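Undergrad: Right, I'll just put the structure down here and ask away after.
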Amino acid sequence: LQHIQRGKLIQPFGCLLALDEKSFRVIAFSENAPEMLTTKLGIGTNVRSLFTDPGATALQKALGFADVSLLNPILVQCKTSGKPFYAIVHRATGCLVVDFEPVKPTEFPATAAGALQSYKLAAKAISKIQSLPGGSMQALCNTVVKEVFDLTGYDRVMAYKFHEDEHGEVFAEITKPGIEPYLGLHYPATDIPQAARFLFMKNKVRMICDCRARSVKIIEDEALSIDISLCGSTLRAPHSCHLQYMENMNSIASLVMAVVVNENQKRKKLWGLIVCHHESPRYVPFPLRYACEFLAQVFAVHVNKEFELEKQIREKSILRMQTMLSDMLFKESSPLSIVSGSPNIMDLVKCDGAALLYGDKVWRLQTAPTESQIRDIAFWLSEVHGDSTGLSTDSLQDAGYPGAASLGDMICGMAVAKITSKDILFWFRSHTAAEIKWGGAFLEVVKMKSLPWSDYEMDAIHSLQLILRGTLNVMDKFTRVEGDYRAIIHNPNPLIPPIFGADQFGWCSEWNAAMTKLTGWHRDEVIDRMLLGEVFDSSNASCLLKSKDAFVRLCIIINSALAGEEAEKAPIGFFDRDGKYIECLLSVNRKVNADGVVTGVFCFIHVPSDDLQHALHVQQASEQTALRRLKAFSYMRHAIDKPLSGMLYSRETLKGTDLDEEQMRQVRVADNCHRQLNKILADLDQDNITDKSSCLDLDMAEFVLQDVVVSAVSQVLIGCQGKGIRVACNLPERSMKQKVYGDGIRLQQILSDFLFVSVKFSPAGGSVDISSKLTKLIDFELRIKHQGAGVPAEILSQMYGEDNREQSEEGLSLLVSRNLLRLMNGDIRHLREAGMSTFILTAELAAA
Amino acid sequence: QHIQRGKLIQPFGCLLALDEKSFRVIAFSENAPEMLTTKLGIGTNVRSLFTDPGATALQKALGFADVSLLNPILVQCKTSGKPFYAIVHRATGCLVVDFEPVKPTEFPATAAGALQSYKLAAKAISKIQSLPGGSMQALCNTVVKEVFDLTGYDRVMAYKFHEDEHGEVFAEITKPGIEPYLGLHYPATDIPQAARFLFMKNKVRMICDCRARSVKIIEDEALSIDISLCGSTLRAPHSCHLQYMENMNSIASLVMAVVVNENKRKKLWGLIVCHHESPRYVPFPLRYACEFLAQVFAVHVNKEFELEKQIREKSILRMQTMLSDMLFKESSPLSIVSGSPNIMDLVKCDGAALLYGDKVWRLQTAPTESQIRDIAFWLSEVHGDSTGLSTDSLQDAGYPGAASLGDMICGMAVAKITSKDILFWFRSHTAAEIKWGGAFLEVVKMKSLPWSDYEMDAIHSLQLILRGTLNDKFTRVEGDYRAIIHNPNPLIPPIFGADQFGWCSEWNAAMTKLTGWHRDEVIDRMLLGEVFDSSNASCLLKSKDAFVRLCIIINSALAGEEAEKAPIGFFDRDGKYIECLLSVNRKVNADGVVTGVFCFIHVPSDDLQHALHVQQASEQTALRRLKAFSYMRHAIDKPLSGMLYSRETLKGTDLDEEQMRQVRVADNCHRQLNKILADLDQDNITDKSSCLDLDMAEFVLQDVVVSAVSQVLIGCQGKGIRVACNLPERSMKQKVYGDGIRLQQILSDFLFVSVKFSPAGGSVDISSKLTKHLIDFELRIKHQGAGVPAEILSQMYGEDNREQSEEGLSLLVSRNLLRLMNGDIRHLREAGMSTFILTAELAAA
Ligand SMILES: *[C@@H](C)[C@H]1/C(=C/c2[nH]c(/C=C3N=C(/C=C4\NC(=O)C(C=C)=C4C)C(C)=C\3CCC(=O)O)c(CCC(=O)O)c2C)NC(=O)[C@@H]1C
Ligand SMILES: *[C@H](C)[C@H]1/C(=C/c2[nH]c(/C=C3N=C(/C=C4\NC(=O)C(C=C)=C4C)C(C)=C\3CCC(=O)O)c(CCC(=O)O)c2C)NC(=O)[C@@H]1C
């Protein structure tokens with residue numbers, strides 16, 4: 001690191017000057033600076049003398065105030081020859097470094113700069129980043145790398161990712177055709193030393209022009225007791241080993257940006273780097289570098305948003321299983337009833353199988369070891385781990401179980417639970433497959449390791465332990481993570497939601513430990529009292545409410561629950577024994593008897609976090625009842641189904657009777673278009689509505705393309721007859737009859753959409769010609785040619801931008817056609833020649 | 001005064017007094033010994049009077065510190081087991097027990113608690129909780145109707161107290177033959193303040209009969225402390241109350257107070273007064289149920305109070321936005337007369353005028369030019385010191401004239417921007433009249449709506465803006481003729497702006513007040529980095545993410561797209577966090593070159609901010625759902641054209657006659673499908689009115705019924721349901737005139753809903769009858785098993801069933817269509833089967 005700070009070298013693509021703040025006089029200068037700055041500069045020269053007034057005034061004004069990086073690009077004209085330069089000044093402890101870069105004359109009209117030009121060029125890459133739905137890191141990385149690729153034009157663009165063990169993994173990348181990819185690789189922690197990361201925290205952009213270019217030394221004043229550090233400057237020479245490492249990667253001009261993410265003024269850590277590479281020397285102007293840095297910043301912001309979304313998603317699962325536990329405690333849960341009923345031991349935690357040993361009998365679910373070896377497992381647990389109870393591990397071999405060959409490769413992670421000495425519970429998980437490529441290229445495989453058991457997932461099992469043991473009614477139990485061969489002791493705190501109840505006459509009858517903690521009132525001080533008036537009241541009670549309106553609402557809720565209709569999550573709030581306001585969500589379940597007489601209520605409370613209490617819990621209630629559409633044509637979706645069934649039955653009866661080839665082909669065409677109709681309405685499910693591009697799967701089937709083409713013609717031939725146009729399909733017979741494997745319905749929809757567009761846009765007397773090409777995997781090419789004015793420019797531009805909400809019906813439809821086409825690695829090519837319009841469709845199919 | 005001194009009770013129940021500690025009787029009613037024993041002198045204990053259970057319960061209830069929680073205590077007397085409700089009150093250091101007879105009508109009352117009283121009145125609460133808010137009259141009507149249904153009294157009203165304590169009958173429900181009293185105002189002296197205090201103490205007052213003589217209570221000679229039975233429900237009526245009761249032609253009554261929080265402090269909104277022509281009795285559980293209903297109504301009043309505040313705040317925000325827009329483009333005094341933001345929308349009025357450059361411009365209803373000159377002269381002469389004035393009235397305002405001029409104008413607001421030029425706002429009078437039952441009337445035709453303080457605040461702001469853009473002393477009398485008050489505010493939003501290079505170039509005074517900085521300390525500095533920066537600046541932001549978002553907002557605004565109401569937050573000079581909304585508008589010169597931005601900041605209250613956030617988050621889901629559904633609606637079209645083509649070919653091709661009917665059924669089904677898609681006509685009106693444009697043409701009913709059957713034959717086969725159609729061939733095939741396409745849907749959706757709930761192995765029987773030219777068509781569809789659930793059956797019986805389920809909606813629409821052509825639907829359930837009877841009127845061919 002000290003060599004980097006104390007080194008005096010620069011790249012030959014610019015010049016460097018050192019000025020004194022109090023005197024504005026040159027102290028040190030680049031060796032090549034006099035040669036193309038005066039095409040004589042010396043120590044103590046005044047920078048005003050050697051630069052023209054329009055630029056010298058700007059430079060002198062910029063040198064004044066401290067925070068000088070606000071207007072960094074200063075276009076400056078040399079007095080001697082009038083060559084344009086970019087002046088970029090960096091503050092330092094008495095150094096005041098200045099960098100001059102040569103402007104590219106090809107964009108000389110770009111005079112007049114500032115931090116506001118060509119960041120309107122990064123506006124597209126920002127406005128299309130914002131439009132992505134969240135929850136998908138891979139999509140965000142793909143979009144970011146693709147936009148950096150498009151903006152900069154470098155060969156390779158990557159998204160280098162740092163893991164918890166500071167080892168790099170290429171998360172996403174894009175590259176020019178004809179270049180070897182590097183996606184999926186993994187790199188050790190020694191590639192990027194801590195000095196590089198410490199520098200990238202400070203200098204967020206690093207750029208190198210040529211790897212083989214010779215560095216230029218810098219001379220300095222002999223009276224300088226303090227060396228001029230070039231750490232701030234962007235003209236610093238490459239370091240003695242970075243050069244060799246990038247030489248081994250066959251790269252020359254790399255451009256590296258750092259992504260800074262809060263560690264979770266918060267502490268901030270590097271999520272990774274954006275690294276652009278090239279094979280030949282390359283140069284980039286300053287505004288593009290600034291725009292890319294700003295793009296990295298907004299990428300980091302969206303990464304933070306993804307972290308918050310993941311935290312909320314993880315938080316909701318606490319409430320879900322708390323509700324499950326409350327439901328399991330509401331009814332008397334026997335060890336027999338738990339295994340059979342719907343809230344079984346297969347949904348308490350995400351597990352691959354479950355088992356139960358009690359009453360000297362064994363029950364299993366899904367995948368579990370047989371009756372023989374499960375008793376040996378119980379015996380081993382009893383002998384080795386006698387005093388401590390509760391075990392969790394992801395590998396029986398790591399613990400040291402002797403007999404595991406009989407179990408097999410599957411069923412590797414084991415979690416146990418002990419209600420008492422004999423009766424015990426089992427959860428069984430299967431080990432996953434891990435595969436990482438190092439390429440320092442060798443393959444590394446790790447087997448027989450299952451997913452780790454989170455302390456949350458053991459707290460759930462502990463709560464189930466307590467519930468079952470209390471219902472059946474061993475002491476001071478302690479469980480182990482078994483992360484390594486050494487055994488460490490848990491401190492598992494249970495979580496059971498606060499629960500209280502009242503009988504049919506309104507007297508309080510239940511007050512458990514969680515409520516005792518929440519309110520502070522011990523059970524003995526609240527029981528045998530009126531629930532509404534003596535315990536919960538706004539005037540004189542143990543837990544005062546906010547106001548009389550809240551008490552009235554609570555009475556309404558309790559009485560309505562006693563009447564038959566049960567609440568699910570009603571927000572309430574009250575003051576505890578210490579006077580602190582508590583806000584929570586209360587739910588009441590009616591309690592009935594065998595004879596059908598209501599005995600009372602059974603209320604339980606879970607308190608979510610403030611962020612979760614607001615978002616999606618108060619803001620959202622069926623989108624806060626966005627019932628605007630719920631009447632308009634929502635009834636149509638239901639009402640159109642029955643006539644569809646009517647004509648399916650009609651077509652079945654039609655095909656039941658004896659018909660020759662001519663009618664059979666038409667019946668097949670009908671059935672094909674009806675299947676297309678059912679398929680398109682199949683996508684109308686809310687699962688594909690919440691996220692439009694969520695499900696992108698296809699139906700594999702064997703089909704003949706001739707039927708697809710015939711139906712495509714027939715779906716628009718009515719309009720063709722209406723406008724009196726002729727459609728000709730010049731397709732070879734032998735190639736058209738060969739079966740293919742794929743989804744002909746989606747290609748059918750796409751073609752038919754293109755034919756509809758062409759027929760609508762072509763006036764009367766026109767012609768449509770469809771030609772087919774089969775290349776041998778089968779490459780299918782379809783050319784549709786028509787005459788007329790062609791597709792209007794506005795619709796073409798609309799259909800070339802998916803994010804455009806101005807999407808006309810034709811434009812939206814064509815965008816969906818391309819989105820479907822991209823699934824099988826297809827592309828649409830539009831050509832306009834002599835006024836004729838040609839559409840080229842490419843597809844890949846599996847030969848039968 | 002003597003609200004507690006009177007030792008008289010209405011003889012419909014007994015009363016006893018009990019010592020605080022000894023639990024012994026001191027005083028008893030004169031009729032108590034006869035109704036409780038047949039000695040009842042100074043008895044030793046009340047436990048020996050009643051049987052064990054009741055006596056034990058009464059002793060326990062007397063034991064508790066709080067007694068109001070166990071008011072209904074059913075007790076029995078050992079003499080003959082007469083059931084008595086025993087209500088216990090605890091006041092003035094003594095207990096008072098009231099025993100009301102339990103009528104043998106409802107001998108198994110089984111209430112005995114404050115829980116069955118609620119369940120007596122659950123449906124009314126459910127009705128009130130479903131009403132959309134914002135309308136007080138609908139809530140009053142619903143509450144009074146539910147109370148009328150519950151109690152069963154002849155006459156009921158809601159009695160509303162105004163600010164001057166004069167009471168108005170806001171609503172009323174009466175049985176036929178009773179003179180209505182709606183809207184008749186009453187003097188404020190009808191209700192003395194003692195009654196209001198009692199109603200704030202006791203929420204129920206009930207009188208069985210106003211003519212029956214009262215009886216007294218025998219007090220203990222030894223005791224020297226009065227019972228003071230003020231809190232008991234057996235208190236006798238007051239004499240003047242009796243006179244006003246007989247004045248109102250009511251003989252029995254029961255009233256309940258409505259207490260709402262006043263803006264914790266609470267006040268009496270009014271009463272819910274029930275009246276009868278003959279003496280009536282109501283048992284205690286019904287009284288408690290109605291009191292709880294009154295409490296629910298009082299709860300629901302407060303949110304209607306809050307909605308008005310939210311509306312007012314939104315209006316203030318909108319006018320601030322209008323003021324900012326007016327400042328955005330330099331507005332000359334001559335630009336507001338004809339431009340889009342004219343002086344009409346600033347404050348509600350009926351006309352406007354302007355006098356600039358000795359030229360007069362008028363808008364909407366306003367006096368003539370000479371009258372404008374005379375008003376200007378009188379304003380200059382009489383009030384020369386004032387520069388802003390507003391009179392609700394002009395005849396008595398001190399202006400000689402405007403009497404024979406007329407013009408139907410009373411209110412006038414005038415603002416003086418400069419020495420000799422003024423704006424105008426003319427307001428026409430509203431016909432106001434009140435009617436006093438005790439009838440007479442008071443009519444005022446010379447007073448308009450008053451000038452609100454905020455409506456003058458707007459005028460002051462507009463005057464300031466115009467004076468500033470044309471370019472001290474601030475006096476503004478807003479009293480008509482007698483009063484004089486002054487000191488209005490600007491309420492101009494905080495405004496700032498940045499040059500095209502990012503340099504700050506404008507800092508409003510309101511912004512100075514909001515942030516604490518000064519214009520000279522912030523001008524000519526970079527807006528992003530030196531003024532609004534996350535690390536070292538004048539007004540620090542929360543974090544780097546907020547700074548990046550603000551940079552994105554400003555740069556996007558400079559690019560030609562404007563942001564409105566984007567939430568931001570920052571620390572002021574004193575370290576106080578401020579959360580507000582920012583809106584940026586691009587500023588473009590007349591040559592087509594932009595020259596910076598122009599930002600202004602709203603500061604809504606927390607509740608309004610929460611509501612705005614909720615609505616802004618909610619609208620997006622509806623937008624995307626609409627977009628997706630429109631795509632789906634368009635994309636349906638393509639394959640139906642192909643199916644129609646193919647069916648046309650099949651019909652064209654030579655085919656036997658037996659499939660002619662099959663192809664016809666298909667085509668009928670397809671055109672029926674086309675019908676609903678063609679029903680994009682403004683959310684079809686349906687109901688009885690609906691669209692009377694039903695297809696009028698000849699057809700065959702048998703084909704329609706066959707198509708309807710085939711529409712559900714697939715589901716019938718799936719579930720293995722056997723369908724029998726016993727239709728007479730001669731009658732079923734007879735030609736008729738009318739609509740058959742809609743009838744197909746009417747029979748098909750009913751068949752589908754019958755099939756859906758059909759148990760496995762069930763059977764469906766369909767019969768058709770023709771009555772005789774006009775033919776009455778009767779279709780009976782019978783299926784076994786339970787049948788349609790009661791919820792869907794009710795939701796088909798009527799249309800007011802909250803949100804409507806898909807099958808329920810379909811059946812509703814079917815009922816509307818049936819009612820269109822004089823048809824009706826009847827459902828019968830007898831011994832585990834459901835049958836639907838469908839009646840239609842058709843014209844025979
Ligand atoms: C004589 C001194 C004045 C007087 C005295 C008085 N009034 C009350 C109580 C009530 N007055 C009521 C008035 C109305 N009832 C109606 O039918 C309507 C309107 C539709 C009116 C104006 C009512 C009702 C009450 C409240 C009690 C109730 O029974 O509901 C009292 C107190 C009596 C008591 O002992 O509680 C007194 C002393 N009222 C008058 O109007 C005359 C001029
Ligand atoms: C020298 C013996 C070791 C070494 C030293 C070293 N490396 C850097 C900096 C970088 N190395 C990078 C590596 C990668 N980028 C990629 O695209 C890939 C793979 C596809 C990898 C692994 C990156 C990134 C940098 C930064 C480049 C930049 O321009 O800053 C440094 C710091 C140099 C400096 O600028 O101070 C040093 C000392 N790297 C090695 O792996 C060898 C063994």
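If you're wondering about the labels, chains in the structure tokens are A, B, ... by order shown, residues count from 1 in each chain, ligands from 1 in order shown.
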Residues at most 7 Å from ligand 1, using only C-alpha atoms and all ligand atoms? Could they come as a list in words?
TA: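 Residues satisfying the distance criterion: residues 3, 169, 186, 189, 190, 191, 192, 194, 195, 205, 206, 236, 237, 238, 240, 241, 244, 245, 248, 253, 254, 255 and 273 of chain B.
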Undergrad: Do you have, as a Markdown table, the list of residues of chain A lying at most 8 Å from ligand 2, each with its nearest atom pair and that distance in Å to one decimal, counting only C-alpha atoms and all ligand atoms and ordered by chain then number?
TA:
| residue | atom | partner | partner_atom_place_in_ligand_line | distance |
| --- | --- | --- | --- | --- |
| A:1 | CA | ligand 2 | 36 (O) | 7.7 |
| A:4 | CA | ligand 2 | 36 (O) | 6.5 |
| A:158 | CA | ligand 2 | 17 (O) | 7.3 |
| A:160 | CA | ligand 2 | 16 (C) | 7.5 |
| A:168 | CA | ligand 2 | 22 (C) | 7.1 |
| A:170 | CA | ligand 2 | 20 (C) | 7.6 |
| A:182 | CA | ligand 2 | 20 (C) | 6.8 |
| A:187 | CA | ligand 2 | 22 (C) | 6.1 |
| A:190 | CA | ligand 2 | 41 (O) | 6.1 |
| A:191 | CA | ligand 2 | 41 (O) | 3.3 |
| A:192 | CA | ligand 2 | 7 (N) | 4.9 |
| A:193 | CA | ligand 2 | 37 (C) | 6.0 |
| A:195 | CA | ligand 2 | 36 (O) | 6.7 |
| A:196 | CA | ligand 2 | 32 (C) | 4.6 |
| A:199 | CA | ligand 2 | 36 (O) | 7.3 |
| A:200 | CA | ligand 2 | 30 (O) | 7.6 |
| A:206 | CA | ligand 2 | 29 (O) | 5.0 |
| A:207 | CA | ligand 2 | 29 (O) | 5.8 |
| A:208 | CA | ligand 2 | 29 (O) | 6.4 |
| A:238 | CA | ligand 2 | 35 (O) | 6.0 |
| A:239 | CA | ligand 2 | 33 (C) | 5.3 |
| A:240 | CA | ligand 2 | 38 (C) | 7.3 |
| A:241 | CA | ligand 2 | 1 (C) | 4.0 |
| A:242 | CA | ligand 2 | 7 (N) | 4.1 |
| A:243 | CA | ligand 2 | 7 (N) | 7.9 |
| A:244 | CA | ligand 2 | 1 (C) | 7.0 |
| A:245 | CA | ligand 2 | 40 (C) | 5.1 |
| A:246 | CA | ligand 2 | 13 (C) | 7.1 |
| A:249 | CA | ligand 2 | 20 (C) | 6.9 |
| A:254 | CA | ligand 2 | 29 (O) | 6.0 |
| A:255 | CA | ligand 2 | 29 (O) | 6.1 |
| A:256 | CA | ligand 2 | 29 (O) | 5.6 |
| A:273 | CA | ligand 2 | 24 (C) | 7.0 |
| A:275 | CA | ligand 2 | 17 (O) | 5.6 |
| A:276 | CA | ligand 2 | 17 (O) | 7.3 |
| A:277 | CA | ligand 2 | 17 (O) | 7.0 |
Undergrad: Can you tell me, as a ChimeraX atom specification, what residues are no more than 9 Å from residue 262 in chain A when counting only C-alpha atoms, ignoring any on the same chain fewer than 6 positions away?
TA: /A:268-271,304
Undergrad: Quick one: pick out all alpha helix (DSSP H) residues within range 305-490 of chain B from a backbone DSSP run and write them as a PyMOL selection string.
TA: chain B and resi 305-328+369-382+453-470
Undergrad: Within 6 Å of range 644-659 of chain A, counting only C-alpha atoms, which residues show up once you throw out same-chain ones fewer than 3 positions away? Write them as JSON, numbers by chain, please.
TA: {"A": [641], "B": [666, 710, 711]}
Undergrad: Kindly save the residues from that selection, with N, CA and C atoms included, as a PDB file, in the first residue's frame.
TA:
ATOM      1  N   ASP A 641     -67.607 -18.338 -19.816  1.00  0.00           N
ATOM      2  CA  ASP A 641     -67.102 -19.734 -19.718  1.00  0.00           C
ATOM      3  C   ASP A 641     -68.168 -20.732 -20.168  1.00  0.00           C
TER       4      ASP A 641
ATOM      5  N   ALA B 666     -74.928 -24.492 -32.120  1.00  0.00           N
ATOM      6  CA  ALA B 666     -73.576 -23.919 -31.958  1.00  0.00           C
ATOM      7  C   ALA B 666     -73.629 -22.429 -32.291  1.00  0.00           C
ATOM      8  N   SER B 710     -77.468 -27.821 -23.440  1.00  0.00           N
ATOM      9  CA  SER B 710     -76.136 -28.206 -23.898  1.00  0.00           C
ATOM     10  C   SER B 710     -75.053 -27.335 -23.278  1.00  0.00           C
ATOM     11  N   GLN B 711     -75.406 -26.119 -22.850  1.00  0.00           N
ATOM     12  CA  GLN B 711     -74.425 -25.271 -22.180  1.00  0.00           C
ATOM     13  C   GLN B 711     -73.928 -25.871 -20.868  1.00  0.00           C
TER      14      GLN B 711
END
Undergrad: Pick from B:350, B:66, B:154, B:521: nearest to chain A, with only C-alpha atoms counted?
TA: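 Ranking B:350, B:66, B:154, B:521 by distance to chain A, first place goes to B:66.
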Undergrad: What's the separation between CA of residue 272 in chain A and CA of residue 258 in chain A, in Å to one decimal place?
TA: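 Atom-to-atom, CA of residue 272 in chain A and CA of residue 258 in chain A are spaced 6.2 Å apart.
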Undergrad: I want to know what sits within 8 Å of range 589-591 of chain A, based on only C-alpha atoms, with residues of the same chain fewer than 6 positions away left out; could you give that as a list in words?
TA: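 Using only C-alpha atoms, the neighbours found are residues 561, 562, 564, 566, 567, 598, 599, 600, 601, 602 and 603 of chain A.
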Undergrad: Please determine, counting only C-alpha atoms, which residue among B:474, B:118, B:361, B:377 has the shortest atom-to-atom distance to chain A.
TA: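 For chain A, the nearest of the candidates is B:118.
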Undergrad: Give the answer as one residue: which of B:839, B:758, B:745, B:331 has the shortest atom-to-atom distance to chain A, using only C-alpha atoms?
TA: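 Distance minimum relative to chain A lands on B:745.
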Undergrad: Contacts of residue 814 in chain A at 12 Å or less, counting only C-alpha atoms, minus same-chain residues fewer than 3 places along, as JSON, numbers by chain?
TA: {"A": [749, 750, 751, 752, 753, 754, 755, 756, 757, 758, 791, 795, 796, 797, 798, 799, 800, 801, 802, 807, 808, 809, 810, 811, 817, 818, 819, 820, 821, 828], "B": [631, 635]}
Undergrad: As a VMD selection string, please: the residues near residue 142 in chain B (cut-off 9 Å, only C-alpha atoms, same-chain neighbours under 3 positions excluded).
TA: chain B and resid 124 127 to 128 131 137 to 139 145 to 147
Undergrad: May I ask which of the residues B:365, B:38, B:295, B:672 is the closest one to residue 555 in chain A, counting only C-alpha atoms?
TA: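 Checking each of B:365, B:38, B:295, B:672 against residue 555 in chain A, counting only C-alpha atoms, the winner is B:295.
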Undergrad: Which value, in Å to one decimal, gives the distance between CA of residue 523 in chain B and CA of residue 596 in chain B?
TA: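 So the two atoms, CA of residue 523 in chain B and CA of residue 596 in chain B, lie 14.3 Å apart.
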Undergrad: Write out as a list in words all residues of range 144-245 of chain B that DSSP puts in strand (DSSP E) for this structure's backbone.
TA: residues 155, 156, 157, 158, 159, 160, 161, 167, 168, 169, 170, 171, 172, 173, 174, 204, 205, 206, 207, 215, 216, 217 and 218 of chain B
Undergrad: Would you mind exporting C-alpha atoms of the selected residues as a PDB file, in the first residue's frame?
TA:
ATOM      1  CA  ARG B 155     -93.598   7.798  16.458  1.00  0.00           C
ATOM      2  CA  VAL B 156     -89.811   8.228  16.501  1.00  0.00           C
ATOM      3  CA  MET B 157     -87.569  11.195  15.775  1.00  0.00           C
ATOM      4  CA  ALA B 158     -83.971  12.320  15.944  1.00  0.00           C
ATOM      5  CA  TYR B 159     -83.850  15.661  17.773  1.00  0.00           C
ATOM      6  CA  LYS B 160     -80.771  17.723  16.866  1.00  0.00           C
ATOM      7  CA  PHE B 161     -79.406  20.595  18.958  1.00  0.00           C
ATOM      8  CA  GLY B 167     -83.861  22.024  18.541  1.00  0.00           C
ATOM      9  CA  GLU B 168     -84.689  20.794  15.048  1.00  0.00           C
ATOM     10  CA  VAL B 169     -86.383  17.496  14.174  1.00  0.00           C
ATOM     11  CA  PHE B 170     -83.688  16.133  11.864  1.00  0.00           C
ATOM     12  CA  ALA B 171     -85.502  12.888  10.999  1.00  0.00           C
ATOM     13  CA  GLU B 172     -88.725  11.067  11.821  1.00  0.00           C
ATOM     14  CA  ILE B 173     -90.505   7.779  11.103  1.00  0.00           C
ATOM     15  CA  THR B 174     -94.228   7.411  11.804  1.00  0.00           C
ATOM     16  CA  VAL B 204     -82.345   6.533  29.261  1.00  0.00           C
ATOM     17  CA  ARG B 205     -85.661   8.001  30.401  1.00  0.00           C
ATOM     18  CA  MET B 206     -88.854   5.968  30.094  1.00  0.00           C
ATOM     19  CA  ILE B 207     -92.484   6.741  30.981  1.00  0.00           C
ATOM     20  CA  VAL B 215     -97.439   6.608  44.940  1.00  0.00           C
ATOM     21  CA  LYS B 216     -95.042   7.645  47.690  1.00  0.00           C
ATOM     22  CA  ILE B 217     -92.416   5.779  49.723  1.00  0.00           C
ATOM     23  CA  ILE B 218     -92.487   5.249  53.485  1.00  0.00           C
TER      24      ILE B 218
END
Undergrad: Suppose you want the space between CA of residue 515 in chain B and CA of residue 573 in chain B; what is it in Å?
TA: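 One can read the CA of residue 515 in chain B to CA of residue 573 in chain B distance as 6.3 Å.
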